[PDB]
Amino acid sequence: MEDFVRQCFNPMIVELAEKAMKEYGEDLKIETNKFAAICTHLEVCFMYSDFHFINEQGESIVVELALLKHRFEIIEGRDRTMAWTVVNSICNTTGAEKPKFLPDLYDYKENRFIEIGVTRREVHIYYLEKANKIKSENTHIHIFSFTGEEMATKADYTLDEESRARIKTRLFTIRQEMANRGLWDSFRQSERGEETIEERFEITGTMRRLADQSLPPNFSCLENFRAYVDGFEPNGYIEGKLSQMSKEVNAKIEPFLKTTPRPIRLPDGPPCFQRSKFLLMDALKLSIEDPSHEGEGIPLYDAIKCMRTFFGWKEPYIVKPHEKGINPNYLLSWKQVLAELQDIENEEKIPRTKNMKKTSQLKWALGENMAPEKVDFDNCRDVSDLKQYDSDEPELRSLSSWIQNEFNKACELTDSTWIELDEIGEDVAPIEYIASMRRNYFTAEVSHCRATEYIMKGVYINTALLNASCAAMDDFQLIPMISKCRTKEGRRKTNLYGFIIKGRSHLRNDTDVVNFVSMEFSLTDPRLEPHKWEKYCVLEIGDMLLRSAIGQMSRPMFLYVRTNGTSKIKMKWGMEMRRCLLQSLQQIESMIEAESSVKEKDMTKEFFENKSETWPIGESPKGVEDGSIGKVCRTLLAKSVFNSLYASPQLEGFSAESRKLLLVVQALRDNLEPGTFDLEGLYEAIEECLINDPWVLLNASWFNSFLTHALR
Amino acid sequence: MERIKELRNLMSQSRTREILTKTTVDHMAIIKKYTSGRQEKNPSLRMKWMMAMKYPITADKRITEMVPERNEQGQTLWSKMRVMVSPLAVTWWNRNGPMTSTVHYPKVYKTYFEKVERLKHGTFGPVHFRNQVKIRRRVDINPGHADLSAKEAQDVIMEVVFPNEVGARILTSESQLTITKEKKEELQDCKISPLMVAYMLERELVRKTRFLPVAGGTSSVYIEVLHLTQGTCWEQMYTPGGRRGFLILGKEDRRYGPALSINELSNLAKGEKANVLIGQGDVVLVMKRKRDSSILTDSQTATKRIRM
């Protein structure tokens, strides 16, 4: 590389290199290895004939710091013409014959020419070429090396050992510090005998035939195409091609007015149903109330203690059948769970986990005997009634009124805490004070929400089920549902929701499915909205005493049973649900920061402390309603949680298309006279991304309700 | 003893012999990269599962002579099947254990200890909310050392930390950098680690720059607090506050005795010759010097031989 040569040699040696190259007719940018070779040869030549003078008596001495012979003649630094002239003059005044090529140096003492060679390969092979090139004449030749070797004819090293050691050390150091940078390989692979070649690369074969078939249709060889590309000048091509093009190719703008947009069309059919892992609005808890502050125990015994505090069991019976399957199996499963939980006392030693018996009804519920068998296609070639796969068009379902009810209930406040975060260091800088105040207000507003309870429930259940799946692999294990919280007075509490029975878990990859059955308590009668529960079988198990108001009254208790099987990936998806809190905080902070830039001040106090501010977040037959900042915080948190709980591609598609439409509508509202190229296609995409899911349909209804108000 | 017997059986196998004989020292780092590419099997879950087990970490054999098997509670601290130990052992060591002086720490980690001094003795100002435009410059995150380029920093580090593996250059020059003497004098009996010391010295002495979208100060002091000063729509004002001459005659000779080490050239003589191992494997014959061989005007004096 050029910079290496510039910083390695002194300018006196460097200057002659360009003069040598200019006469030859080369370049320093395209060719670099030849530059280094020439510089090295010149420096070695000058170092070989320095500090050497001969006295009048004929002896040779070495001195430093009168008119004595210098014992050597420099030839390399001169152009070709006077290089021949000086050799002719000396050979005439000494009677020597013209050798052939140019010798490098001449010695008065021995009256013979010397050639100096520096090679990158080993010395032995390089001596023969020089020996054959020059013959039948008196000319000593000396060869150095980059690894500390040398070789001279007749083994007559006409020099002191120190001078040779200096050259060898210089070459060794240059080689080492050039290899330390990444330049030795190319330099070594550049000597083709007695010249220097930068690189070599040819097609020469099958690649030539492959190349000749990768051209525009009016060419046959690569060379002709290259020549045509090289001899190209742009005259008028684009203008002519545009002129001879039809006018049906165009992009006409149609304006977007106030009367242009239309409501989105929603599908019709039978109503939709519930498909969450655990039910949300219709759950109750059996509290153990306060545990001892030092009590950290196994979940099984916590569940048993929670169970003991209840009296009021009855004889179970079915109030809503599954209309697909066998319900007596569900009854027998519940009875078996209760009996096996009671039968712990018939054991010498207390177990840590409970493994259920492999019974007929449990085997039916977990699907252990509907496994197809796998054989090769050759034997079953002639069989009949064979279909490709479940390639069936998805069913279309309409929108009901229970999802809005769930969302309404999810935005309310409770009497517990559900989350307690750690501490950080004390604050010094003002920006730290601002950040602390923002996050403290947000945390105080969203601490008691129900969505936090949903988050904690999901985290606990998924973690427990993943641990059980990884630990016990061939057993039917019983897993309780448990959450923890702090009461208003300051007492810890433990809650129980139900039970889960797990099947067989032999999971090699992240797609394999493990089946399970779930049981949950409730006080909601299933016969008020039968269409909501379509994958459930509901039993009646007992009565509950309510202490609310004056007197005591009894209400029935129910149980919800269902078969399901999730994943290994979706377990990990469920174990991370605090990112919803992170996202909500980020959204609020972004809204504050956007407004802080227009009104160039700090607007965090005008958002929270002010009590006269209202935001439109609701709808009613009267019109659009308003709320406070805590309400919008809880609404955003609930929206994030429900997005996490109902993931599907339809959500992604709808979000993208609705974002585009919302941006266009805002541009219209800002008096910027917008326009569109194809408005029907955007809609058509919106409806084709609207097949079956209830959350997506609710979002579409919300968008329609927004559209009917923003332009009226 | 163990290393040579491990080397002996590698050349017994024919496939490894070709590698060991056909690969130069210059190509060790090339073949070092051929290891693997698939390990990320959810490390967080793996660590959570491993911390549940008893005896999850490993230690040397001599731990059994320094830490008791059980504590006052009666809990096992280590077990025998390198041995297996528990985190309780680490906590016990931090609670009860031998003490040593830590006087060498503030000289090995001083680049970290200057940051806290800068931060504690600093003052703060007001914060402004507005909009601003940020442009890019060349910023220096490691100031480095004055009067020292990147070429000699590596030389200094090699001399200080690995005195027996220097070669060619540094061994033929006639000089001695001042900073090397103080670094070698101070770090006389430090037993922390050669590699940690090497990395810390490299971080202290070597300058390196990058591109950043800075809208404020340009010096190295203002770059390390760039996350505290700037923002999307705000700016915070803050001031910090505050080796003899040798030559190579050729390769090894069988008529001048066995090879020596670099640290054993001290005895030497006034012009004898002996072979030594320099760098990472090369053995060469060297001899002491008799003249100066400097870089003075004598190089330019050759111009008298040209342009007469």
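Residues numbered from 1 in each chain as written, not as in the entry; some residues may be left out. Chains lettered and ligands numbered in written order. Part of a larger assembly, values for the part shown. Heavy atoms only, no water. Residues with missing side-chain atoms left out of burial classes, pairs and counts.

As summarised from the PDB record, the model derives from cryo-EM at a stated resolution of 3.0 Å.

Asks: Would you explain the overall build of chain A in this entry?
Replies: Along the backbone of chain A there are 23 helices and 17 strands. In terms of C-alpha radius of gyration, chain A reaches 46 Å, well past the compact-globule figure of 27 Å for 712 residues. Each principal axis of the C-alpha atoms in chain A carries an extent, and together these give about 140 × 85 × 80 Å. (Helix = DSSP H or I, 4+ residues; strand = E, 2+ residues; numbered from the N terminus. Rg over C-alpha atoms; globule rule 2.2 N^0.38 Å.)

Asks: I'm lost on the packing of helix α14 (residues 402–409) of chain A against helix α23 (residues 694–710) of chain A in this one. Help?
Replies: A pair of packed helices is characterised by two quantities: the angle between their axes and the separation of those axes. Residue and element names in this part refer to chain A. Remark: α14 packs on α23, axes separated minimally by 10 Å, with the N-to-C direction vectors making an angle of 85°. In terms of orientation, α14 lies roughly perpendicular with respect to α23. When α14 is examined against α23, the residues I403, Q404 and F407 are found in contact with a partner set consisting of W695, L698 and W702. Split into classes, the residues belonging to the contact of α14 with α23 amount to five nonpolar, one polar and no charged. (Axes fitted to C-alpha atoms, helices over the stretch in contact; angles between N-to-C directions. Parallel < 35°, antiparallel > 145°, perpendicular 65-115°, else oblique. Contact = heavy atoms within 4.5 Å. Nonpolar A, V, L, I, M, F, W, Y, C, P; charged D, E, K, R; others polar.)

Asks: Explain unusual backbone geometry to me, please; I cannot follow it from the model alone.
Replies: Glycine aside, the phi torsion of most residues is negative, and most peptide linkages are trans. All names here are of chain A. The phi dihedral of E289 falls on the positive side, at around 60°, and the residue is not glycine. Mapped onto the elements, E289 comes out in the loop between β7 (254–255) and α11 (299–308). Of note, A549 is a non-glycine position whose phi angle comes to about 60°, a positive value.

Asks: What is the right way to look at the UniProt feature "binding site: Mn(2+) 1" in chain A in this model?
Replies: Residues and elements named next belong to chain A. Summarizing the sequence annotation, UniProt attributes the feature "binding site: Mn(2+) 1" to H41, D104, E115 and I116 in the numbering used throughout. Judged by its relative accessible area of 24%, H41 falls in the partly exposed class. Here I116 shows up in strand β4 (residues 112–119). The class for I116 is buried, based on a relative accessible area of 1%. With sequence-adjacent residues up to four places away left out, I116 is seen in contact with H41, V44, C45, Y48, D104, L105, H142 and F144. (UniProt positions renumbered as here; feature names shortened; annotations may be inferred. Buried < 20%, exposed > 50% of the residue type's maximum accessible area, 1.4 Å probe, protein only.)

Asks: Even after reading the chapter, I still don't get the sheet that holds strand β14 (residues 553–565) of chain A, so can you show me in this structure?
Replies: Backbone hydrogen bonds are what pair the strands of a sheet, in a parallel or an antiparallel way. Residue and element names in this part refer to chain A. Read from one edge of the open sheet, seven strands run β8-β13-β14-β12-β11-β10-β9, paired in antiparallel fashion. Only two strands of the sheet have a single partner each, and these edge strands are β8 (313–320) and β9 (355–356). Note: strand β10 (residues 476–486) against strand β11 (residues 492–502), nine bridges, orientation antiparallel. When the bridges of β11 are listed, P480 appears paired with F499. (Pairing = 2+ DSSP bridges.)

Asks: Honestly, the sheet that holds strand β5 (residues 139–145) of chain A in this entry has me stumped. Any pointers?
Replies: Residues and elements named next belong to chain A. With mixed pairing, the four strands of this open sheet are ordered in space as β3-β4-β5-β6. Of all the strands in the sheet, just β3 (105–107) and β6 (150–152) have a single pairing partner and so form its edges. For this sheet the average axis-to-axis angle between neighbouring strands, irrespective of direction, equals 25°. Two elements, β4 and β5, share seven bridges in a ladder whose sense is parallel.

Asks: Would you mind showing me how to read the pairing of β5(A) here?
Replies: Two faces, one strand: in a regular strand the side chains alternate between the faces of the sheet. Residues and elements named next belong to chain A. Burial runs high along β5: six of the seven residues are buried. Pairing analysis gives three bridges linking β5 to β6, with the strands arranged antiparallel. From the neighbouring strand, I143 faces β6, where its bridge partner is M151. As consecutive antiparallel partners, β5 and β6 are separated by four residues, and within that stretch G148 has a phi angle of approximately 90°, a positive value.

Asks: Sorry, what's going on with the interface of chain A and chain B here?
Replies: Accessible area lost upon the coming together of the parts serves often as the stated size of an interface. Of the residues lining the interface, 36 residues belong to chain A; the matching set on chain B comes to 37 residues. Going through the elements one at a time, α6 (161–179), α15 (430–446), α16 (450–471) and α18 (579–598) of chain A are the ones with two or more residues in the side of chain A that touches chain B. No other element matches α6(A), which puts 10 residues into the side of chain A that touches chain B. A per-class count over the side of chain A that touches chain B returns 12 nonpolar, 10 polar and 14 charged.

Asks: Quick question: what am I supposed to make of the packing of helix α7 (residues 110–120) of chain B against helix α10 (residues 194–205) of chain B here?
Replies: Residues and elements named next belong to chain B. Packing of α7 against α10 brings their axes to within 9 Å, and their N-to-C directions diverge by 55°. The orientation of α7 relative to α10 falls into the category oblique. Here α7 contributes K110, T111 and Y112 to the contact with α10, which in turn contributes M200, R203 and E204.

Asks: What's the story with the pattern of salt bridges in this structure? I'm lost.
Replies: Side-chain pairing between opposite charges can occur once the charged atoms of the two side chains come close. Applying the stated rule across the entire model yields 43 salt bridges over all chains. Here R62(B) makes a salt bridge to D60(B), at a shortest N to O gap of 2.9 Å. Residue classification places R62(B) among the exposed positions, given a relative accessible area of 56%. Measuring nitrogen to oxygen at the nearest pair gives 2.8 Å for the salt bridge that ties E224(B) to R118(B). Taken together, the residues span a long stretch of sequence, with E224(B) in the loop between α11 (220–223) and α12 (226–229) and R118(B) in helix α7 at a distance of 106 residues. A residue is classified by how much of its surface remains accessible, and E224(B), at 31% relative accessible area, is partly exposed. Classification of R118(B) by relative accessible area gives partly exposed; the value is 26%. Counted as one network, the salt bridges with shared partners bring together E2(A), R6(A) and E18(A). (Salt bridge = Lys/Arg side-chain N within 4 Å of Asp/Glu carboxyl O.)

Asks: Could you clarify how one ought to interpret the packing of aromatic side chains in this entry?
Replies: Centre distance and the angle of the planes are the two values used to describe a pair of aromatic rings. Residue and element names in this part refer to chain A. Here the structure, examined in full by the defined rule, presents 25 aromatic pairs over all chains. Between the aromatic rings of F219 and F225, the centroid separation amounts to 5.3 Å while the plane-to-plane angle is 65°, which identifies the pairing as edge-to-face. Plain terms: the ring middles of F232 and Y237 are 5.8 Å apart, the flat faces sit at 25° to each other, and that makes the pair stacked. Ring-pair connections join several aromatic residues into one group, and the members of that group are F219, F225, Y228, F232 and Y237. Over the ring of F187 we find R120; its NZ or CZ atom is 4.5 Å from the centre of that ring. (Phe/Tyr/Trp six-rings, centres within 6.5 Å; stacked < 30°, edge-to-face > 60°. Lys NZ or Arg CZ within 6 Å of the ring centre and 35° of its normal.)

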